[PDB]
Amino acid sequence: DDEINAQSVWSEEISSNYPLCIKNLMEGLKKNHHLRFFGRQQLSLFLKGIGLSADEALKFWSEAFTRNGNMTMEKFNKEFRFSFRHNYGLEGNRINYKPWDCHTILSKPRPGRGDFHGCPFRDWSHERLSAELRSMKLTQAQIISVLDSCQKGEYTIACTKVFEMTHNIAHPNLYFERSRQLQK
């Protein structure tokens, strides 16, 4: 709880370790105060994979869904609380909900309008990727190298390139713990 909790996952320090997909999901949750089923599972199981406790997860999801008066606490407890508790097995279920790897993430149905699951290196446009990479302090030479892998369909190589360029197999939780390891 000292490192990963409901408040510290919104921190810049912790969130600077997220791969592009989790960053995309967190951003959609912050502005819409809600995520769809596929996006819910991708992000929820990742946070569980980095050590977010059951109590902190329910604190995290409840505040996020009810933020800015998006929905009441009663609507959340009646329409979403069970599903999040289900993912941690707090209702007695013994389904093995492991965090999704990149292969599993890319295999899900592709995101449409309003969806935030998936992998940005395949689902975003080159224009959207380029602007996002520039805010991450990448130069156009580095950008053209990442888009090259994207155009070739090697999305895990493009994400591995971003890691090396932003720092000094194929799993989003492996991205986090490698990056978070370089912080300590």
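Start at 1 and count along the sequence shown; that's the residue number.
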property	result
Which of 22-30 and 120-128 has higher mean CA B factor, as the PDB entry lists it	120-128
Average Cα temperature factor in the PDB entry - higher stretch of 130-138, 152-160	130-138
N87 by Cα B-factor - lowest, middle or highest third of the modelled chain	lowest
Third of chain Cα B-factors occupied by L174	middle
Third of chain Cα B-factors occupied by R81	lowest
Lowest, middle or highest third - CA B-factor, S11	middle
Third assignment of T66 from its chain's C-alpha B-factors	lowest
